[PDB]
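S.K.: Protein chains in written order, with the authors' numbering: chain A, 13 to 330, 340 to 452, 455 to 479, 502 to 573, 581 to 607, 629 to 675; chain C, 1 to 75; chain B, 84 to 123, 140 to 225, 421 to 463, 482 to 538, 548 to 603, 737 to 785. Could you have a look at this structure, given as structure tokens, before my questions?
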Ligand SMILES: COc1ncnc(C2CC2)c1-c1ncc2cnn(Cc3ccc(-c4nc(C(F)(F)F)cn4C(C)C)cc3)c2n1
Ligand SMILES: *NC[C@H](*)CS(C)(=O)=O
Ligand SMILES: [Zn+2]
């Protein structure tokens, strides 16, 4: 549809999670935790106690939230599903993306795995379920090889959960349709339509034989299903609010449940009156992953809406109460540190700087045009710091800011990217002239200055950081291409830029032609010879003073006589000689219609 | 700011707008989504019809406010 | 009378004449404006114009009841003077054009409400001012539930009318109120931006009634984009409406249909408006019309039975005059 250019202001190494964690996996052979964050980054962590720093690597090729991750082929391969509509294949040992599947139309929320078939399913908000053979998904690129699509059809509403049997014989979908759907993935056939949930279903589990499903809904219920009888066989009410995370032991007898109420229970499925409270978490539980290194699970990893991931020890799960209120463990055994998310952004009147407030209550100052932090202001008041940095200037808006990833993302569209003309002096650049600059143009030329097609190199005024990711997406969250600013010189990146860069970027960046000037009309009337005028939006009031002094009073330096002889009024306010007509029309002109100016003699 | 508009079939759509947006710009964004010309459109908020030539701030339209889209039935 | 293009105003004036308290509230406001004028504006001409219309109507009703051999020219009964006051308040009513009856109802009720607020501010500078606010004004609760974080958000917004769909993208009026008020999932291009998630997510959205007026007006969307098309098929209209399903609190209040405004025409650009009204309450023959229905043509009043009126309204027969405004009254 319409391609937008975006980029992310970040450090070269985002070592800590910058937002909540949606998905967890373990590699028990490597003692290695994977954390798929809302910051669009999948991190690899060591879980050995002797390691002081758990960080191992960062896997960064998404452009929105990573909703689910699956570890496959003995921990060699990772599959990632994102709100960028992509499913990605990675090398888990090395940490790089080696394929991207674009067959979805909306956010991909759930993955499923069948260990004994190497079969992965992907589902999303587009009501589609795709089945993939993982040995087939291990192809380098579409040019080396491209693959077909197996689809399960029959879902009537958005899919928030998949579950697949370990033997790849049953797949189950949970959706806002409130009914679980069951297929055989081998034949793509329907089997069942389980009914009894009253809201969305975000957690699904199956046992190894596919005979029993365990499901957790946002209605606060856990239902055990008998897939041999097409019915619910038990219901458990142990959460005050929606159940979002489930885990089960290998015997399929104990269920670890967590959700919006910030509690984790272990319920016996055979005797659901005996439950234990493991812990009381600080934020809603998004995902849990059991430690499976022993017969009774010795630990549980808990991902939340907060940037920290905790390990809770399960030792001492046997007391006697049916609903004990004393948690077994009141401190985590292991804590993966998180960073701070940006939660407010405020674009200043120059349309070049942002003030941001984070979760830690720290205010930061950013330059969009250079894509960098200027200073960290500490824990200053945000609305007072906005007031201190008020400037009497108007620049048309020319970018959007998104905080989805907990870090600044700046977006440019054809509609408004080019609407910001500014003097070199006003933009803090100089040479011995005052040339007129377009901010969206200079930024597009800096963002892809490493493209061989753009050399004659860069805008000649500023460079963005070489690590700055550049994204070409569509309005709606569908990403077409992502690269780093420095990677545009490679053969594959240069071909994907020839196939992806929109013409509205090519005209300014490659053809090096310059955007339309905006002009505002105004009336120049004597303050108590009339004509309607048009001039550049940026024309200083000093050149309107000159025009009046030379066209109405044509009877030493001429510009000094012009400024000291004529005054300009608008809404009975005397205009600043240096104000641009934009800033006059935006602040000093509260009346409706075309801008009117009045004049008199000193 | 995001606002909802209830269309002719009762279906809700979302518009992204600014408090300084005029009613004519909101009717242009409703033309871009629902394909109805602005001269045939009629917006109602809080039981008052929105008049062309005013801004969304004049009506107290916030984030998550609902507009009802209707047409003239000439008689 | 008609006197050219005014059938849209006539239908609204006829339904407002039989509204529970409208005729007494307009008399209270007109007596205040008359006491203002004796002690010493364009908005006050609307209330003077309405009082003069209402007095003309009681003089016709009396004259028909006791002296049929009078008012042979129908006394020249004129909305045209009220229409001139609405030109001074709103430029759209200029010439002999055609207009929406709901847009005229909004203009009259808004200008009466502005007059009520002006008289209230004048009196406070040195109880019956809430005429429109008691009769036609209600309050909704618009809940939004983000499916990612399960946070509720409420907005509390006023309503004068309930605008409902007539067809999907036969039906009953309960289905149209369910499409207006019941839980809608916003998904795909129209995702909710959730300030707790900092993200575009699916959301459930529900509208519930919190304060109900004495008169519920349903504005039927008898029109769809195919270049615009009038939907000629009605939906089934109940005589009794209960709104407990979409209510914030349970209430054993029932609402009863007492007026309809119909539009006869195959296009949205032209047609004839008609009103029909139940006579519940206001010389022996006056009480005999109770329970029946009055149908207003351009200058004819036809008395019709409730059964025959509802048979003619039902989609089982070709209606030829599509319902457009339904008025339900508190019992
Ligand atoms: C601009 O016109 C209007 N503006 C506001 N309101 C009204 C009408 C008052 C709604 C009109 C309006 N339009 C058209 C006409 C035509 N003739 N007349 C006078 C008239 C009105 C009511 C009756 C009448 N009343 C009753 C009973 F219900 F009380 F029993 C029985 N009958 C009948 C069945 C004998 C008798 C005569 C009209 N008046
Ligand atoms: N649409 C105006 C009413 C029709 S008429 C014939 O009464 O003017
Ligand atoms: Zn949310």
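Quick reminder that beta carbons are idealized off the backbone N, C-alpha and C, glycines included.
Quick check: the region 57-64 of chain C against the region 167-174 of chain B, are at least 3 beta-carbon pairs closer than 8 angstroms?
M.R.: Because the criterion of three Cβ pairs below 8 angstroms is not met, the region 167-174 of chain B and the region 57-64 of chain C do not touch.
S.K.: Going by CA-CA distance only, name the one from 256(A), 282(A), 44(A) and 555(A) that's closest to residue 264(A).
M.R.: Closest option to residue 264(A), Cα to Cα, is 282(A).
S.K.: Can you list the residues of chain C that residue 589(B) reaches, using a CB-CB cut of under 9 angstroms?
M.R.: By Cβ distance, chain C contributes 40, 71, 72, 73 and 74.
S.K.: How would you call residue 775(B), buried or exposed, if buried means at least 16 neighbouring beta carbons within 10 angstroms?
M.R.: Buried.
S.K.: At a cut of 8 angstroms, does the region 240-258 of chain A reach the region 270-287 of chain A through at least three beta carbon pairs?
M.R.: Because the criterion of three Cβ pairs below 8 angstroms is met, the region 240-258 of chain A and the region 270-287 of chain A touch.
S.K.: Could you name the residues that DSSP lists as bridge partners for residue 33(A)?
M.R.: Per DSSP, 49(A).
S.K.: Taking Cβ positions only, does residue 446(B) come closer than 8 angstroms to chain A?
M.R.: For residue 446(B), the answer is no, since every Cβ of chain A falls outside 8 angstroms of its Cβ.
S.K.: Counting only C-beta atoms, is residue 453(B) closer than 8 angstroms to chain C at any point?
M.R.: Yes, because at least one Cβ of chain C sits closer than 8 angstroms to the Cβ of residue 453(B).
S.K.: Is residue 90(B) near ligand 2, going by C-beta to nearest heavy atom under 7 angstroms?
M.R.: It does: the Cβ of residue 90(B) is within 7 angstroms (strictly closer) of some heavy atom of ligand 2.
S.K.: So which residues on chain C does residue 580(B) lean against when the C-beta distance must stay under 8 angstroms?
M.R.: The premise fails here: residue 580(B) is roughly 16 angstroms from chain C at the closest Cβ pair, so nothing lies under 8 angstroms.
S.K.: Is it buried or exposed, residue 309(A), if we count other Cβ atoms within 10 angstroms and call 16 or more buried?
M.R.: Looking at its Cβ environment, which holds 16 or more other Cβ atoms inside 10 Å, residue 309(A) is buried.
S.K.: Check whether the Cβ atoms of residue 511(A) and residue 534(A) sit closer than 8 angstroms, and answer yes or no.
M.R.: Against a cut-off of 8 angstroms, the Cβ pair of residue 534(A) and residue 511(A) comes out as no contact.
S.K.: Please list, in chain order, the chain B residues whose beta carbon lies closer than 7 angstroms to that of residue 64(C).
M.R.: Result: 438, 447 and 449.
S.K.: Check residue 111(B) in the structure and name its three-state DSSP category.
M.R.: If DSSP states are grouped into helix, strand and coil, residue 111(B) belongs with the helices.
S.K.: Taking 8 angstroms as the threshold (C-beta atoms), are residue 429(A) and residue 530(A) in contact?
M.R.: No. Outside cutoff.
S.K.: For residue 508(B), verify whether its CB is less than 7 angstroms away from any heavy atom of ligand 3.
M.R.: Flag set: Cβ of residue 508(B) near ligand 3.
S.K.: My output table needs one value for residue 56(A): the three-state DSSP class, helix, strand or coil.
M.R.: The answer is strand: DSSP assigns residue 56(A) an E or B state.
S.K.: Can you find the residues in the same chain that come closer than 6 angstroms, C-beta to C-beta, to residue 508(A), ignoring five residues on each side of it along the sequence?
M.R.: Here the set comprises 469.
S.K.: Starting from residue 92(A) and walking both ways along the beta strand (DSSP E), at which residues does that stretch end?
M.R.: Segment 89-94, the beta strand (DSSP E) holding residue 92(A).
S.K.: Closer than 8 angstroms, Cβ to any Cβ of chain B: which residues of the region 363-396 of chain A, in chain order?
M.R.: From the region 363-396 of chain A, only 364 have a Cβ closer than 8 angstroms to chain B.
S.K.: For residue 169(B), which residues of its own chain have a beta-carbon under 7 angstroms away from its beta-carbon, when the five flanking residues on both sides are left out?
M.R.: Correct list, in chain order: 162.
S.K.: Mapping the DSSP letters down to three states, classify residue 219(A) as helix, strand or coil.
M.R.: Three-state DSSP puts residue 219(A) in coil, outside helix and strand.
S.K.: Look at the Cβ atom of residue 49(A), then the Cβ atom of residue 298(A), and state whether they are nearer than 8 angstroms.
M.R.: No, Cβ-Cβ distance for residue 49(A) and residue 298(A) is not below 8 angstroms.
S.K.: Could you give the residue range of the alpha helix (DSSP H) that holds residue 151(B)?
M.R.: Counting along the chain, the alpha helix (DSSP H) containing residue 151(B) begins and ends at 141-165.
S.K.: Taking Cβ-Cβ distances below 9 angstroms as the criterion, which residues of the region 186-208 of chain A are in contact with chain B?
M.R.: Under the 9 angstroms Cβ criterion, the region 186-208 of chain A contributes 188.
S.K.: Could you tell me whether any Cβ in chain A is nearer than 8 angstroms to the Cβ of residue 500(B)?
M.R.: Closer than 8 angstroms to some Cβ of chain A, the Cβ of residue 500(B) qualifies, so yes.
S.K.: Give a single yes or no on whether residue 160(B) has its beta carbon closer than 7 angstroms to a heavy atom of ligand 1.
M.R.: Residue 160(B): yes, Cβ under 7 angstroms from ligand 1.
S.K.: Can a CB atom of chain B be found closer than 8 angstroms to the CB of residue 230(A)?
M.R.: Chain B, which has a Cβ nearer than 8 angstroms to the Cβ of residue 230(A), makes this yes.
S.K.: Based on the DSSP output, what are the partners of residue 647(A) in its beta bridges?
M.R.: Residue 647(A) is bridged to 642(A).
S.K.: Taking the straight line between their C-alpha atoms, what separation do you get for residue 555(B) and residue 584(B)?
M.R.: Answer to the nearest angstrom: the Cα atoms are 11 angstroms apart.
S.K.: Output the boundary residues of the alpha helix (DSSP H) element that contains residue 380(A).
M.R.: Note, residue 380(A): premise wrong, no alpha helix (DSSP H); not H, not E.
S.K.: How is residue 211(A) classed by DSSP in three states: helix, strand or coil?
M.R.: Of the three classes helix, strand and coil, the one that applies to residue 211(A) here is coil, per DSSP.
S.K.: Of all the residues that make up the region 485-499 of chain B, which are near chain A by a beta-carbon distance shorter than 9 angstroms?
M.R.: The residues in question are 497 and 499.
S.K.: On a CA-only basis, which of 639(A), 648(A) and 260(A) is nearest residue 674(A)? Give me that one, please.
M.R.: When only C-alpha atoms are compared, the closest one is 639(A).
S.K.: For residue 437(A), is the beta carbon positioned less than 7 angstroms from some heavy atom of ligand 2?
M.R.: Not under cutoff, so the answer is no.
S.K.: Secondary structure at residue 393(A), three-state DSSP: helix, strand or coil?
M.R.: Three-state DSSP puts residue 393(A) in a strand.
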